[PDB]
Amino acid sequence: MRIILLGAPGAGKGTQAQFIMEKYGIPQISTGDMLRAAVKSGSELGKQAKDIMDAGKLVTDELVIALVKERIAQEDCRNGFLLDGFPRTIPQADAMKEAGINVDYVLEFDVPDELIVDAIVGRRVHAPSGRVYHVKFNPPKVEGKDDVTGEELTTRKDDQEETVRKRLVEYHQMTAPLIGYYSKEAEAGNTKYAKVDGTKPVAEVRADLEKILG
């Protein structure tokens, strides 16, 4: 079973990763994990990836595809794999096709932007400990205060609404053509594509996935 799992930053697609891994007996792989691990191995691909990153340079599509091809040839991908958050562009998806890396399912984990914004901007944090509260989902016991220390809660610059919205805008401009690419691949019979409603409770999403996948 070969699955691509896509989703907007903050949508929460990772909430279903362990269910998929345990359903098929397949690992979760990501280009980020490949890039951070490339150094650990002695492969020449990894050394080439190390030097790119050490020079602050962009990882080219050709290199990332090589790393993906390398990763799925490892023994743990014999039942398949859950490719998390890649491809990100049409040129990357075509490079997968050029390399011969087809998958059985493309899952788009879909949560509307407004709900992602609400989830993130409602966060309140105790920065010294990393404790995280949410005004609606998990409020502090005492208003504005960390339960443990009583210190006044703050918010993160990375969670500012304008910053989240800019991130989502950029995501959809990159991902909309990719989604259409995979829908066309599915109409051609090369793969299966499904839009997954990620606003439902996790257990209901899990059930939905069972119906989509089999």
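The numbering used is simple: start at 1 and walk along the sequence shown.
When the two stretches 62-70 and 45-53 are set side by side, the higher mean Cα temperature factor goes to 45-53. Comparing the deposited coordinates for 181-189 and 27-35, the stretch with the larger average C-alpha B-factor is 27-35. The residue among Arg88, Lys97, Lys136, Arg124 whose C-alpha atom has the highest B-factor in the PDB entry is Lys136.
Within the listed group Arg165, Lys145, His172, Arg156, the record reports its top CA B-factor for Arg156. When the modelled residues of the chain are ordered by C-alpha B-factor, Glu75 sits in the highest third. Sorting the modelled residues of the chain by their CA temperature factor places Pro201 in the highest third. Looking at the C-alpha B-factors along this chain, the one for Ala207 belongs to the middle third.
The entry lists a Cα temperature factor for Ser129 that places it in the highest third of the chain's modelled residues.
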